[PDB]
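> Following this message is one structure expressed as structure tokens.
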Amino acid sequence: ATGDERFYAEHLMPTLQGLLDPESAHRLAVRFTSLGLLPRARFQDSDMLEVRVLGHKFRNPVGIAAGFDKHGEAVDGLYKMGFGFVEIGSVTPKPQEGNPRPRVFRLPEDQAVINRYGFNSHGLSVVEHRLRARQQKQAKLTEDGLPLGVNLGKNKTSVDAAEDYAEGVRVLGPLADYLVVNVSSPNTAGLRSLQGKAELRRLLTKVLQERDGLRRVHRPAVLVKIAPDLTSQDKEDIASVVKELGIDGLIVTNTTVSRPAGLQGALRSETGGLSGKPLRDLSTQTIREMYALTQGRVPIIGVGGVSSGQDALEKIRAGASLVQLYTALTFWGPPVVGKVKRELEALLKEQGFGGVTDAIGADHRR
Ligand SMILES: Cc1cc2nc3c(=O)[nH]c(=O)nc-3n(C[C@H](O)[C@H](O)[C@H](O)COP(=O)(O)O)c2cc1C
Ligand SMILES: CONC(=O)c1c(C)c(-c2ccc(-c3ccccc3F)cc2)nc2ccc(F)cc12
Ligand SMILES: O=C(O)c1cc(=O)[nH]c(=O)[nH]1
């Protein structure tokens, strides 16, 4: 491990947490990242980390999950941090404030966070203009193996969920390499019920029709992001719909509304989605199930509790083509990205894999 990794983990990040509430810290992180005020990414991506999936080259398989850069303010800084791809959002059609504060809670003893942001968003128009300002810069980044995802949400007061997602496809689809239909936020009432079979098919048909209506060069992949709290029936229904409609991929998983036995944090009973270490294995197991139900034919982006190369490789071996992290960055700071990549490269070599591609779904072939 580097000196930076230890300095961030043992001194800088604990000091920031002592000085700032979690939402203030989040806001400062976005500001610093937006300005490129980052420690040196002391890691060069090797060819063994390259993945080709979703119609794109990814220089490395480690992305920033949705919810860090909600409004597309820090995209270039996130690539500078060493992420192989960036997902912004969730973005709602109209601007909205989200839930009242406080709405983000640290669980230090669990290496977890609980959030109930409630889709605070600058809205599609603001985000569209922000992405248009750097659109050719992004085109060059994507061509150089650094794609951009856009995660779409719905407004609190909307009468027609499918129309909210459709508006997102029309507005931000032309600016994205992939879109995410986030039907798994625990913090918008009735949103997770869009994961049921009848509603999901109707919703996703409309989304895919809208996407197919974009000009070929501006046509993104469409992924569905799912909760970790689904029944077996829900998961078997989602897999069925994904295959029937030709959805391009799955993001597995969002935060959990469960509170696993063993949580120690004083704030464990706060309402919201739980992220970080306690979500890790529930998530890995969800990837495993979704990979099996889709016969390994549907790319999965694996997310939930990744904070080491081992965590990344477990999700890859379970079926993920790519991984994302968020909560790990909030505890360990920017050096965690290089750490995960360096550890993943070493473990791939140790386990006899030529690269990331060879490891995808390897547990299912044992
Ligand atoms: C503060 C916070 C805000 C989030 N906001 C979003 C969001 O707007 N849209 C979304 O799809 N996921 C959101 N997530 C979920 C993450 O993208 C990710 O699925 C989850 O946190 C699991 O990854 P992790 O354990 O590495 O954090 C958020 C997570 C946190 C902790
Ligand atoms: C568990 O306690 N953790 C937080 O309260 C927290 C932190 C410290 C951070 C953070 C701050 C700073 C950098 C950074 C430091 C140097 C250069 C660039 C950076 F982005 C990174 C991340 N971001 C968050 C985002 C969401 C959230 F819910 C909580 C946090
Ligand atoms: O905005 C939020 O509250 C939020 C959205 C989401 O999809 N996941 C999450 O944990 N929080």
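All residue numbers given for chain A refer to Swiss-Prot; the residues shown span 30-395 in order.
Per the header of the entry, the method used was X-ray crystallography, 1.7 Å.
Backbone N, Cα and C define each Cβ position, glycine as well.
According to Swiss-Prot, the protein has these features:
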type	residues	note
ACT_SITE	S214	active site, nucleophile
BINDING	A95, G96, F97, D98, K99, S119, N180, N211, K254, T282, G305, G334, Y355, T356	FMN binding site
BINDING	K99, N144, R145, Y146, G147, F148, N211, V212, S213, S214, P215, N216, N283, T284	substrate binding site
TOPO_DOM	31-395	topological domain 'Mitochondrial intermembrane'
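For each feature listed, report its degree of burial, its nearest neighbours and the pertinent distances within the displayed model.
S214 (active site, nucleophile) carries neither a helix nor a strand DSSP state and counts as coil.
Sequence-distant neighbours of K99 (FMN binding site) (same chain, 6+ apart, CB under 8 A from its CB) are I117, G118, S119, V120, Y146, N149, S150, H151. In this structure, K99 (FMN binding site) belongs to neither helix nor strand by DSSP; it is coil.
Residues within less than 8 Å, Cβ to Cβ, of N211 (substrate binding site) and separated from it by at least 6 positions along the same chain comprise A95, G118, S119, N180, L181, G182, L220, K254, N283.
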> Quick one: pull the CA-CA distance for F97 (FMN binding site) versus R145 (substrate binding site), whole Å only.
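Approximately 13 Å lies between the Cα of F97 (FMN binding site) and that of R145 (substrate binding site).
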> Looking at the binding-site residues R145, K254, which one has the fewest other Cβ atoms within 10 Å of its own Cβ?
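Comparing Cβ neighbour counts within 10 Å for the binding-site residues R145, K254 gives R145.
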> Under 6 Å from ligand 3 by C-beta, which of these binding-site residues make it: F97, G147, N180, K254, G305, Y355? Sequence order, please.
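Near ligand 3, sequence order: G147.
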> Filter the binding-site residues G147, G305, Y355 down to those whose C-alpha lies within 10 angstroms of the C-alpha of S214 (active site, nucleophile); answer none if the list is empty.
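Within 10 Å Cα-Cα: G147.
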